[PDB]
Amino acid sequence: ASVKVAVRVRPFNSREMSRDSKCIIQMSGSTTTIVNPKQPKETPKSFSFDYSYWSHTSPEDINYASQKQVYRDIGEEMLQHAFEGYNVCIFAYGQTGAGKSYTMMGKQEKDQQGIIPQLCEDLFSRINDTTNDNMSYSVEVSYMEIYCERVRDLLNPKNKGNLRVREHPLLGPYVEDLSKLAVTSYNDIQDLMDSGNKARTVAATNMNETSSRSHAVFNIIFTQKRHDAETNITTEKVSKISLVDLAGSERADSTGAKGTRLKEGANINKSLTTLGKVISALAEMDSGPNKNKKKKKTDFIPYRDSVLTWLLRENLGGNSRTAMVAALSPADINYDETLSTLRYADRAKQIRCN
Amino acid sequence: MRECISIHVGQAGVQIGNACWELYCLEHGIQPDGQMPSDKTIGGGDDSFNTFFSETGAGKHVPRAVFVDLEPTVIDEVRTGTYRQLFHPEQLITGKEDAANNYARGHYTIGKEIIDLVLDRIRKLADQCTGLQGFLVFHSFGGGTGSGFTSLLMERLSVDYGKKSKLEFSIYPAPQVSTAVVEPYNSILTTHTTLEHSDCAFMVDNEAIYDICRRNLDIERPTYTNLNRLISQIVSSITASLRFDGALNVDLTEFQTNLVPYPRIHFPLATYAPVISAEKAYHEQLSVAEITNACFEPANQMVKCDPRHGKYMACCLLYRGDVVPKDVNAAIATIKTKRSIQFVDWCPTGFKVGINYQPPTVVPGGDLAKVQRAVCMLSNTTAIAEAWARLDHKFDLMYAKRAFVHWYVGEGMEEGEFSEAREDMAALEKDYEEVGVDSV
Amino acid sequence: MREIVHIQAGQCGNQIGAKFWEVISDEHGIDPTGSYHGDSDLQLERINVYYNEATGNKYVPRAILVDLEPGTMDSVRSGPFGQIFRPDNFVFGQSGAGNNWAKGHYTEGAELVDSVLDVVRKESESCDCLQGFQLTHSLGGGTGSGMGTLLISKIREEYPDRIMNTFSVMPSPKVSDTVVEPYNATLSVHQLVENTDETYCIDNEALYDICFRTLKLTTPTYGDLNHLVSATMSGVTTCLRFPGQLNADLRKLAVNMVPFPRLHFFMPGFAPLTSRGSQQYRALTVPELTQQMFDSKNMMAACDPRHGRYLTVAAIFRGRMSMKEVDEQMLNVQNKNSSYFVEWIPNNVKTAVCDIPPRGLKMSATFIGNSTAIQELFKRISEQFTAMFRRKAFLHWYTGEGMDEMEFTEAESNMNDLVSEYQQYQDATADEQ
Ligand SMILES: CC(=O)O[C@H]1C(=O)[C@@]2(C)[C@H]([C@H](OC(=O)c3ccccc3)[C@]3(O)C[C@H](OC(=O)[C@H](O)[C@@H](NC(=O)c4ccccc4)c4ccccc4)C(C)=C1C3(C)C)[C@]1(OC(C)=O)CO[C@@H]1C[C@@H]2O
Ligand SMILES: Nc1nc2c(ncn2[C@@H]2O[C@H](COP(=O)(O)OP(=O)(O)OP(=O)(O)O)[C@@H](O)[C@H]2O)c(=O)[nH]1
Ligand SMILES: Nc1nc2c(ncn2[C@@H]2O[C@H](COP(=O)(O)OP(=O)(O)O)[C@@H](O)[C@H]2O)c(=O)[nH]1
Ligand SMILES: [Mg+2]
């Protein structure tokens, strides 16, 4: 149930370098501080997070958070957790252009890649290396979108209907008639992700013509099979590793359009608020028994306040490890969006700075 | 010449406006329909004072005001009541639902598409004017309509009329009495717009006015009508210097120069001394000294705070009726020698005084006695922080668990705006604490 | 113009709705023929909230009547105000549900839902600005539970932002008339907590106790219980139809009473209630109304507030009264009974005052509580559910219609979770280590 939050800074892009674009985010070890561009000299506001990552300048030998370092910090340990048998969830959050795709996916050259390519490649390599005559591994994948609290399929090419959600008494929440295809190597996963990202629902707004309008989940299910000779295989442990793409929080002033846009923004805001509430209470619960020990009975997590936290019930708590990545836009033009991103990042057991 | 626009938003502002316009029409001789027999009978004078009315050729008098709301239930009372023929039919009512005690609904989901009409009507009213001095926006904290739409309207008018003053009169939540469960959220969300745009925002509390009504007026079961009448008397005392002749007159720019040492401490209290019933109007003298002493009594303050727990940094006494500067100077000299009334070391001047020759006007069927003299005291003091501080405590107990937040986030808002408002209020409180510290 | 669409499904809902239309027409001065013969112009100020105009000056209620059997429809038409409704809105079938949730929801209601939704769409389109929906339905198990939740699901899909309201009679342990009540109750409450925005719990036992003890009646019938429920329903929607010093629109309540989305089950009440024998000895004032309001015997859900703590409370007053009196009385109720109120919420008594009281009362008051005890209303049902689900007592009738076993377990788990959140905040302290 331990929650580790990370925040990352991206380099300038072609448009930002073309224009007169400054750097505004400062980071020291674990403390990140912003400074207003259009009203200086007041007090850079400061927050603390579990990890702060500086990838802005270049491989600057002094404090340059490479992709591999972030991978070793989060993904490798949580992949060890997944192989052990327990569940894992990963979140990606940030506004459009903030650089969350730069961290999750990264460059295609496979020299400075994202979290997902390294995770999948290490998964397949470790599956290949330990595949003896007895132990058998299985990997399966699925892709769904949460849109106005309705689940829709991204892999199946049918008409975009709304799938049903059920609660098996033992296996917990699940989705009905969700497409589920087997994978063997990262190339199939990449093709499935490309098709899904092409199939997702997007709409043009006052900030970007292709802004996200829905949350997305890439679930990967990993199954182990012992093969002791006696009379059984003993499915042993079934571990899920989930990836979540979170849409950006929205204000009515920014997205002033009426009709579907307002409803979508309101639903996104409500879902994100509920997710933050659940993660915060989860982090508090993890901290308490770890240090405090008061089994506090079980209090109560509001797991039923939204569909996103409802579907991932088995990954978000009980016995599992959660993490989130928030990308920051360094330009002054996106100061308010960045400030909102940090304000959301303050969830999950805010800590003390100065 | 000397002209002010009076905007009323929400039920509280609309009802205080009803009381205010009742009092003004009584003062100026204009009958409800809007006609004025005095001008046609005399054929001279200037009884159609431009501070509140515009005169057409036929002799009617249209008040300078717009009565904005989102519920038809309140404005329809005015549109079918006694004063149906006073106002222009452009009442600016929204044919939709209310703000539902939601700041977001008032601000940027339902307030939009109606703010354009309100701004256009204000544009027409100001284009009719020639010597516009300021605005008089009436609202109340704790309501979605009040907070949200006052914030949006103040933003638009500051962008469009940035050089003109914008006074506010508002009702603050009481320490214990409250008629809604989301008042602290609304007040905190109103902080980040009442401070930056309004040039002088005045505060009243319902519990204090109830105590004033019980102790002095001897009304055991008062209602909102008496509160609205008292607020109307306060505003009339403030604005009388622009209409009637006086020995020492005070303009709005003079008010802002005298009551505002620094830009961010423009939040003074207001009080009225001779709030006395007719039965107790006798057995008393009600001299200048008596009313001046009654102004500084802790019992007579209209916000539940203790003046003795702070230091005054500005005071402005507006006298009406048979007064002379000799008595005012004697009263100020008497006040300066009292130990309890402690003044800051950086304000040796201390007191500002204005005198007007027009006595108060009694509303028929009211509760205030006829008095030859009256005084309205405005006071910039440090005690008001206490009235803020308790409210923050309420907000804290409501924000440790995110109660009721989802209704706000479901109408175009993030949970970070609450923290922004909280830090802004903390900064305001820290500035107020800083000002009162004695220099060395 | 805030206007509301009314629906009534099942026998109990139809009866309560008929008495509700009787009360509303009496309030607004509408004759049974649909014409106005009232006294004050204020009755026409907001007649469009519930009614729609018809060419010969007449007024048709914005009601849609639903039932799988024809008996209740004939009883309502052959009644005092039967002719007031629109005949085209009398949508019904010719095969009853037989106290079967699966039959109402999946097989027989699926054929009629198209017709009822077409009529609902026709009624909703004519409105200048729709505010919300109303639906009266009992959880006994017949047409009510099944087709009511089907209607709520469909309307919530069609109108996701308009406020939804329901009035429901929960099962009771001492008063019961069918053998399969817990199954239907759990299945219906699954969809209610999923979809609705406000649900007002009603209990027959509490209404009978109010009749016997407070009203001192001898042989109460269903008419009196419908009368009380109608008084509550009229009191809730008073501020949309009449003016007042402090307005309390349905969305204002939706924001005020609901801290978290799922805890929107409310405890209703009415005052005064005098029994026609102690009327002369009683002094009708705001303090006395408040005394009767927060009394255990005067609540209609058969729950004990002393066995829990209040999350929120709303007191809609009607009449001429001072605001200081109301505010001081609510503060006194807070302070004197502080042990029975949540601490995190600094103030949890919403207040509303209207200017037009009922016809024959100088003043009146409606009470809308939201407390933890309500767990005891759900909890008992769950016990009965297990007592019949441990053995599959009568499931073979439901499975015949095409309902799987797992749905019962899902609904039971949702029940247990909803009970757990009401207790979450109900021990009074939360601190030490
Ligand atoms: C002495 C006097 O004035 O007569 C009263 C009366 O005696 C009492 C006992 C009435 C009476 O009510 C009952 O006896 C009763 C019995 C079972 C269930 C419900 C009511 C009365 O019947 C009820 C009736 O109430 C109304 O008219 C209200 O408007 C009420 N009902 C109706 O308008 C109505 C309309 C059509 C058909 C039937 C009733 C109402 C309340 C809230 C919202 C809307 C309407 C009145 C004046 C009386 C009688 C006649 C004896 C009471 O009425 C209510 C519900 O407020 C019950 O306790 C109050 C207090 C009254 O003193
Ligand atoms: N002094 C005084 N205060 C009032 C009056 N009416 C309402 N209030 C106060 O106003 C508060 C509610 O805030 P408002 O902004 O006025 O609410 P509103 O004007 O109805 O706007 P909405 O919330 O959108 O409906 C309550 O807590 C009351 O105490 C009044 O007539 N006189
Ligand atoms: N208040 C009230 N409750 C009723 C009435 N008739 C039946 N009930 C309750 O409703 C339950 C039966 O549900 P019912 O309405 O018959 O289901 P239906 O077949 O869908 O109409 C019983 O347990 C009764 O307690 C009535 O006239 N008034
Ligand atoms: Mg209002």
# chains A, B, ... in the order shown; residues from 1 in each chain; ligands from 1

call {"tool": "residues_near_ligand", "arguments": {"ligand": "ligand 2", "cutoff": "6 Å", "atoms": "only C-alpha atoms and all ligand atoms", "output": "MDAnalysis selection string"}}
result
(chainID B and resid 10:12 15 98:101 140:146 178:179 206 224 227:228) or (chainID C and resid 246)

call {"tool": "residues_around", "arguments": {"residues": "residue 318 of chain A", "least_positions_apart": "5", "cutoff": "10 Å", "atoms": "only C-alpha atoms", "output": "PyMOL selection string"}}
result
chain A and resi 1+86-87+282+286+313

call {"tool": "residues_around", "arguments": {"residues": "residue 257 of chain C", "least_positions_apart": "5", "cutoff": "10 Å", "atoms": "only C-alpha atoms", "output": "list in words"}}
result
residues 180, 181 and 404 of chain B; 198, 252, 263, 264, 265, 266, 311, 312, 313, 314, 348, 349, 350, 368, 369 and 370 of chain C

call {"tool": "interface_residues", "arguments": {"of": "chain A", "to": "chain C", "cutoff": "10 Å", "atoms": "only C-alpha atoms", "output": "list in words"}}
result
residues 166, 167, 168, 169, 263, 292, 294, 298, 299, 300, 301, 302, 303, 304, 305 and 306 of chain A

call {"tool": "closest_atom_pairs", "arguments": {"of": "chain B", "to": "chain A", "cutoff": "12 Å", "atoms": "only C-alpha atoms", "output": "tab-separated table"}}
result
residue	atom	partner	partner_atom	distance
B:104	CA	A:252	CA	8.8
B:105	CA	A:252	CA	10.2
B:106	CA	A:252	CA	11.9
B:107	CA	A:252	CA	9.3
B:108	CA	A:252	CA	6.1
B:109	CA	A:252	CA	7.1
B:110	CA	A:258	CA	10.6
B:111	CA	A:252	CA	11.4
B:112	CA	A:256	CA	9.3
B:113	CA	A:258	CA	10.7
B:152	CA	A:253	CA	11.2
B:399	CA	A:277	CA	11.8
B:400	CA	A:277	CA	10.7
B:401	CA	A:277	CA	8.6
B:402	CA	A:277	CA	8.1
B:403	CA	A:277	CA	11.0
B:404	CA	A:270	CA	11.6
B:405	CA	A:273	CA	8.8
B:406	CA	A:270	CA	6.1
B:407	CA	A:270	CA	8.6
B:408	CA	A:270	CA	9.2
B:409	CA	A:269	CA	5.8
B:410	CA	A:266	CA	4.4
B:411	CA	A:266	CA	5.9
B:412	CA	A:252	CA	4.5
B:413	CA	A:251	CA	5.3
B:414	CA	A:251	CA	6.8
B:415	CA	A:273	CA	7.6
B:416	CA	A:343	CA	5.7
B:417	CA	A:340	CA	8.9
B:418	CA	A:343	CA	10.5
B:419	CA	A:343	CA	8.7
B:420	CA	A:343	CA	9.7
B:423	CA	A:45	CA	10.6
B:427	CA	A:42	CA	11.2

call {"tool": "write_last_selection", "arguments": {"atoms": "N, CA, C and O atoms", "output": "short mmCIF file (atom, residue, chain, number, x, y, z; two decimals), in the first residue's frame"}}
result
data_model
loop_
_atom_site.label_atom_id
_atom_site.label_comp_id
_atom_site.auth_asym_id
_atom_site.auth_seq_id
_atom_site.Cartn_x
_atom_site.Cartn_y
_atom_site.Cartn_z
N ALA B 104 -19.10 28.12 -7.92
CA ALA B 104 -18.78 27.83 -9.31
C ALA B 104 -19.97 28.10 -10.22
O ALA B 104 -19.80 28.65 -11.33
N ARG B 105 -21.17 27.74 -9.78
CA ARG B 105 -22.36 27.97 -10.60
C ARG B 105 -22.58 29.45 -10.83
O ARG B 105 -22.93 29.87 -11.94
N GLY B 106 -22.40 30.26 -9.79
CA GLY B 106 -22.52 31.70 -9.97
C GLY B 106 -21.43 32.27 -10.86
O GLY B 106 -21.67 33.20 -11.63
N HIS B 107 -20.23 31.70 -10.79
CA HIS B 107 -19.09 32.31 -11.47
C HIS B 107 -19.07 31.96 -12.96
O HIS B 107 -19.18 32.86 -13.81
N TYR B 108 -18.92 30.67 -13.30
CA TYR B 108 -18.53 30.31 -14.66
C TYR B 108 -19.23 29.05 -15.19
O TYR B 108 -18.65 28.31 -15.98
N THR B 109 -20.48 28.80 -14.77
CA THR B 109 -21.33 27.87 -15.50
C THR B 109 -22.71 28.44 -15.80
O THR B 109 -23.24 28.20 -16.89
N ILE B 110 -23.31 29.18 -14.86
CA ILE B 110 -24.58 29.84 -15.08
C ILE B 110 -24.43 31.35 -15.19
O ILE B 110 -25.23 32.00 -15.87
N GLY B 111 -23.42 31.94 -14.54
CA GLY B 111 -23.22 33.37 -14.63
C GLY B 111 -22.92 33.84 -16.04
O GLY B 111 -23.29 34.95 -16.42
N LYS B 112 -22.25 33.00 -16.83
CA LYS B 112 -21.96 33.36 -18.21
C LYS B 112 -23.25 33.40 -19.03
O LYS B 112 -24.24 32.75 -18.70
N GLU B 113 -23.21 34.19 -20.10
CA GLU B 113 -24.30 34.50 -21.02
C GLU B 113 -25.31 35.48 -20.43
O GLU B 113 -26.21 35.92 -21.15
N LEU B 152 -17.26 37.91 -10.55
CA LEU B 152 -17.19 38.08 -12.00
C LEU B 152 -17.48 39.52 -12.40
O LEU B 152 -16.76 40.11 -13.23
N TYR B 399 -12.30 21.04 5.47
CA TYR B 399 -11.38 20.74 4.37
C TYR B 399 -10.42 19.60 4.68
O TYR B 399 -9.73 19.13 3.77
N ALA B 400 -10.36 19.13 5.93
CA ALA B 400 -9.54 17.97 6.24
C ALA B 400 -10.12 16.68 5.66
O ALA B 400 -9.42 15.66 5.66
N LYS B 401 -11.37 16.70 5.18
CA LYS B 401 -12.03 15.52 4.65
C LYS B 401 -12.71 15.74 3.30
O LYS B 401 -13.39 14.83 2.82
N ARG B 402 -12.54 16.92 2.69
CA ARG B 402 -13.05 17.20 1.34
C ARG B 402 -14.58 17.11 1.27
O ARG B 402 -15.14 16.73 0.24
N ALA B 403 -15.26 17.47 2.35
CA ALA B 403 -16.71 17.41 2.37
C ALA B 403 -17.30 18.49 1.47
O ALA B 403 -16.87 19.64 1.50
N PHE B 404 -18.29 18.10 0.66
CA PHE B 404 -19.04 18.96 -0.26
C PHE B 404 -18.21 19.49 -1.41
O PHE B 404 -18.72 20.30 -2.20
N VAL B 405 -16.95 19.08 -1.56
CA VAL B 405 -16.11 19.64 -2.61
C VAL B 405 -16.57 19.17 -3.98
O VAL B 405 -16.42 19.90 -4.97
N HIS B 406 -17.12 17.95 -4.07
CA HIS B 406 -17.42 17.39 -5.38
C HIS B 406 -18.50 18.19 -6.11
O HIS B 406 -18.48 18.26 -7.35
N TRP B 407 -19.42 18.82 -5.38
CA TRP B 407 -20.39 19.70 -6.03
C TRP B 407 -19.70 20.87 -6.70
O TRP B 407 -20.12 21.32 -7.78
N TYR B 408 -18.63 21.38 -6.09
CA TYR B 408 -17.88 22.49 -6.68
C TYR B 408 -17.02 22.02 -7.85
O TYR B 408 -16.95 22.71 -8.88
N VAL B 409 -16.36 20.87 -7.73
CA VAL B 409 -15.53 20.40 -8.83
C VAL B 409 -16.38 19.95 -10.01
O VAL B 409 -15.89 19.90 -11.14
N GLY B 410 -17.65 19.61 -9.78
CA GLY B 410 -18.54 19.25 -10.86
C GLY B 410 -19.09 20.41 -11.66
O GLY B 410 -19.92 20.19 -12.55
N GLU B 411 -18.65 21.64 -11.37
CA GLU B 411 -19.10 22.84 -12.08
C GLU B 411 -17.90 23.68 -12.52
O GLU B 411 -18.00 24.91 -12.58
N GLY B 412 -16.77 23.04 -12.81
CA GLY B 412 -15.62 23.74 -13.35
C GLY B 412 -14.72 24.40 -12.33
O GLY B 412 -14.48 25.61 -12.39
N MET B 413 -14.20 23.62 -11.38
CA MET B 413 -13.25 24.13 -10.40
C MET B 413 -12.34 23.00 -9.96
O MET B 413 -12.73 21.83 -9.99
N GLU B 414 -11.13 23.36 -9.56
CA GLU B 414 -10.15 22.44 -9.01
C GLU B 414 -10.05 22.62 -7.50
O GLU B 414 -10.39 23.67 -6.96
N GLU B 415 -9.57 21.58 -6.82
CA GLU B 415 -9.42 21.66 -5.37
C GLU B 415 -8.25 22.53 -4.95
O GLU B 415 -8.13 22.82 -3.75
N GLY B 416 -7.39 22.96 -5.88
CA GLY B 416 -6.31 23.86 -5.54
C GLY B 416 -6.75 25.29 -5.31
O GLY B 416 -6.05 26.05 -4.62
N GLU B 417 -7.89 25.69 -5.88
CA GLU B 417 -8.39 27.05 -5.67
C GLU B 417 -8.72 27.29 -4.20
O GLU B 417 -8.56 28.41 -3.70
N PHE B 418 -9.17 26.25 -3.50
CA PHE B 418 -9.44 26.38 -2.07
C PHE B 418 -8.16 26.72 -1.31
O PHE B 418 -8.15 27.59 -0.44
N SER B 419 -7.06 26.05 -1.65
CA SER B 419 -5.78 26.34 -1.02
C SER B 419 -5.28 27.74 -1.39
O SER B 419 -4.71 28.44 -0.55
N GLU B 420 -5.48 28.15 -2.65
CA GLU B 420 -5.10 29.50 -3.05
C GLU B 420 -5.84 30.54 -2.22
O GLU B 420 -5.25 31.52 -1.73
N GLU B 423 -4.46 30.57 1.44
CA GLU B 423 -3.20 31.29 1.60
C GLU B 423 -3.39 32.79 1.42
O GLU B 423 -2.72 33.58 2.09
N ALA B 427 -2.41 35.50 4.23
CA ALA B 427 -1.58 36.67 3.94
C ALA B 427 -2.27 37.96 4.40
O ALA B 427 -1.61 38.85 4.94
#

call {"tool": "interface_residues", "arguments": {"of": "chain C", "to": "chain B", "cutoff": "10 Å", "atoms": "only C-alpha atoms", "output": "ChimeraX atom specification"}}
result
/C:1-2,45-46,128-131,239-261,312-314,320-331,343-352

call {"tool": "residues_near_ligand", "arguments": {"ligand": "ligand 3", "cutoff": "9 Å", "atoms": "only C-alpha atoms and all ligand atoms", "output": "compact mmCIF listing (two decimals) with C-alpha atoms, in the first residue's frame"}}
result
# COMPACT_ATOMS: atom_id res chain seq x y z
CA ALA C 9 -45.27 3.40 -10.48
CA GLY C 10 -46.95 0.60 -8.55
CA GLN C 11 -49.96 0.53 -6.26
CA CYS C 12 -48.47 2.32 -3.24
CA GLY C 13 -46.77 4.99 -5.31
CA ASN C 14 -49.96 5.61 -7.28
CA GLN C 15 -52.05 5.97 -4.12
CA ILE C 16 -49.55 8.36 -2.53
CA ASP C 67 -48.51 0.11 -13.56
CA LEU C 68 -48.43 -3.40 -14.99
CA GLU C 69 -51.97 -4.18 -13.76
CA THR C 72 -54.91 0.81 -9.72
CA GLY C 96 -48.94 -8.02 -13.21
CA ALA C 97 -45.45 -8.47 -11.82
CA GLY C 98 -46.61 -10.83 -9.07
CA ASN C 99 -44.24 -9.27 -6.51
CA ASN C 100 -41.34 -10.31 -8.76
CA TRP C 101 -38.46 -7.88 -9.29
CA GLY C 104 -40.93 -6.07 -13.42
CA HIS C 137 -42.58 3.84 -5.56
CA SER C 138 -42.67 1.26 -2.78
CA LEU C 139 -39.97 -1.37 -2.30
CA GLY C 140 -42.52 -4.15 -1.74
CA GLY C 141 -41.49 -6.04 -4.87
CA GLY C 142 -44.10 -5.66 -7.59
CA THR C 143 -44.18 -3.06 -10.35
CA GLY C 144 -42.65 -0.46 -8.02
CA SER C 145 -39.10 -1.68 -7.36
CA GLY C 146 -38.32 -3.13 -10.78
CA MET C 147 -39.84 -0.65 -13.17
CA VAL C 169 -41.51 3.14 1.59
CA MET C 170 -38.91 0.83 3.10
CA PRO C 171 -39.85 -2.62 4.44
CA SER C 172 -40.46 -2.96 8.17
CA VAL C 175 -45.43 -4.71 9.47
CA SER C 176 -45.07 -6.98 6.43
CA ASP C 177 -47.52 -8.13 3.75
CA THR C 178 -45.30 -10.12 1.34
CA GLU C 181 -39.50 -8.20 0.77
CA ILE C 202 -40.49 6.08 4.75
CA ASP C 203 -41.59 3.30 7.11
CA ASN C 204 -45.10 2.02 7.74
CA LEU C 207 -46.39 6.16 10.42
CA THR C 221 -55.86 3.38 7.36
CA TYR C 222 -53.54 3.95 4.41
CA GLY C 223 -55.13 7.35 3.76
CA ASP C 224 -53.54 8.89 6.84
CA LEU C 225 -50.07 7.61 5.94
CA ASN C 226 -50.47 8.95 2.40
CA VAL C 229 -46.18 11.59 3.03

call {"tool": "residues_near_ligand", "arguments": {"ligand": "ligand 1", "cutoff": "8 Å", "atoms": "only C-alpha atoms and all ligand atoms", "output": "count of residues only"}}
result
34

call {"tool": "residues_around", "arguments": {"residues": "segment 171-177 of chain A", "least_positions_apart": "5", "cutoff": "8 Å", "atoms": "only C-alpha atoms", "output": "list in words"}}
result
residues 163, 164, 165, 166, 310, 311, 312, 313 and 314 of chain A

call {"tool": "atom_distance", "arguments": {"atom1": "atom CA of residue 156 of chain A", "atom2": "atom CA of residue 178 of chain A"}}
result
8.3 Å

call {"tool": "residues_around", "arguments": {"residues": "residue 122 of chain C", "least_positions_apart": "6", "cutoff": "12 Å", "atoms": "only C-alpha atoms", "output": "short mmCIF file (atom, residue, chain, number, x, y, z; two decimals) with N, CA, C and O atoms, in the first residue's frame"}}
result
data_model
loop_
_atom_site.label_atom_id
_atom_site.label_comp_id
_atom_site.auth_asym_id
_atom_site.auth_seq_id
_atom_site.Cartn_x
_atom_site.Cartn_y
_atom_site.Cartn_z
N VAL C 5 -41.15 17.02 -13.48
CA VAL C 5 -41.96 15.95 -14.05
C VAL C 5 -42.20 14.91 -12.96
O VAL C 5 -41.26 14.48 -12.28
N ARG C 62 -48.54 17.54 -14.61
CA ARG C 62 -47.43 16.96 -15.36
C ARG C 62 -47.05 15.61 -14.75
O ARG C 62 -45.94 15.38 -14.26
N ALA C 63 -48.01 14.69 -14.80
CA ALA C 63 -47.91 13.37 -14.19
C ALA C 63 -47.93 12.29 -15.27
O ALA C 63 -48.57 12.45 -16.31
N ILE C 64 -47.21 11.21 -15.00
CA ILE C 64 -47.21 10.02 -15.84
C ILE C 64 -47.46 8.82 -14.93
O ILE C 64 -46.65 8.54 -14.04
N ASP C 88 -53.84 10.21 -22.26
CA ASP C 88 -52.76 9.63 -23.06
C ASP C 88 -51.55 9.23 -22.22
O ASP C 88 -50.73 8.43 -22.68
N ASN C 89 -51.41 9.77 -21.01
CA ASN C 89 -50.31 9.43 -20.12
C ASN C 89 -50.60 8.21 -19.25
O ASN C 89 -49.75 7.85 -18.43
N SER C 115 -42.77 2.96 -24.15
CA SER C 115 -43.93 3.85 -24.11
C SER C 115 -43.80 4.88 -23.00
O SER C 115 -44.07 6.07 -23.21
N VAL C 116 -43.40 4.44 -21.81
CA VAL C 116 -43.31 5.40 -20.70
C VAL C 116 -42.21 6.43 -20.97
O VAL C 116 -42.36 7.61 -20.65
#

call {"tool": "residues_around", "arguments": {"residues": "segment 7-22 of chain A", "least_positions_apart": "2", "cutoff": "10 Å", "atoms": "only C-alpha atoms", "output": "MDAnalysis selection string"}}
result
chainID A and resid 5 24:27 30 32 37 49:58 65 70 93:94 97:100 102:103 324:333 341:342 345

call {"tool": "select_by_dssp", "arguments": {"residues": "segment 265-408 of chain B", "states": "strand (DSSP E or B)", "output": "VMD selection string"}}
result
chain B and resid 269 to 272 312 to 321 343 351 to 356 373 to 381

call {"tool": "select_by_dssp", "arguments": {"residues": "segment 57-92 of chain A", "states": "helix (DSSP H, G or I)", "output": "JSON, numbers by chain"}}
result
{"A": [67, 68, 69, 70, 71, 72, 73, 74, 75, 76, 77, 78, 79, 80, 81, 82, 83, 84]}

call {"tool": "residues_around", "arguments": {"residues": "residue 354 of chain B", "least_positions_apart": "2", "cutoff": "7 Å", "atoms": "only C-alpha atoms", "output": "PDB file with N, CA and C atoms, in the first residue's frame"}}
result
ATOM      1  N   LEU B 248     -18.742  70.667   6.803  1.00  0.00           N
ATOM      2  CA  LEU B 248     -17.540  69.903   6.464  1.00  0.00           C
ATOM      3  C   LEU B 248     -17.987  68.666   5.693  1.00  0.00           C
ATOM      4  N   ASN B 249     -17.916  68.737   4.368  1.00  0.00           N
ATOM      5  CA  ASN B 249     -18.341  67.644   3.509  1.00  0.00           C
ATOM      6  C   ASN B 249     -17.175  66.709   3.218  1.00  0.00           C
ATOM      7  N   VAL B 250     -17.507  65.452   2.930  1.00  0.00           N
ATOM      8  CA  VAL B 250     -16.528  64.404   2.659  1.00  0.00           C
ATOM      9  C   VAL B 250     -16.953  63.677   1.391  1.00  0.00           C
ATOM     10  N   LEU B 317     -15.901  60.109  11.422  1.00  0.00           N
ATOM     11  CA  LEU B 317     -17.197  60.389  12.025  1.00  0.00           C
ATOM     12  C   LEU B 317     -17.981  61.311  11.103  1.00  0.00           C
ATOM     13  N   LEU B 318     -19.109  60.817  10.587  1.00  0.00           N
ATOM     14  CA  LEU B 318     -20.003  61.587   9.727  1.00  0.00           C
ATOM     15  C   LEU B 318     -21.236  61.945  10.546  1.00  0.00           C
ATOM     16  N   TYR B 319     -21.349  63.218  10.911  1.00  0.00           N
ATOM     17  CA  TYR B 319     -22.446  63.732  11.714  1.00  0.00           C
ATOM     18  C   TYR B 319     -23.525  64.305  10.807  1.00  0.00           C
ATOM     19  N   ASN B 356     -23.060  67.400   8.287  1.00  0.00           N
ATOM     20  CA  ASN B 356     -24.099  67.668   7.302  1.00  0.00           C
ATOM     21  C   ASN B 356     -25.328  68.237   7.999  1.00  0.00           C
TER      22      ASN B 356
END
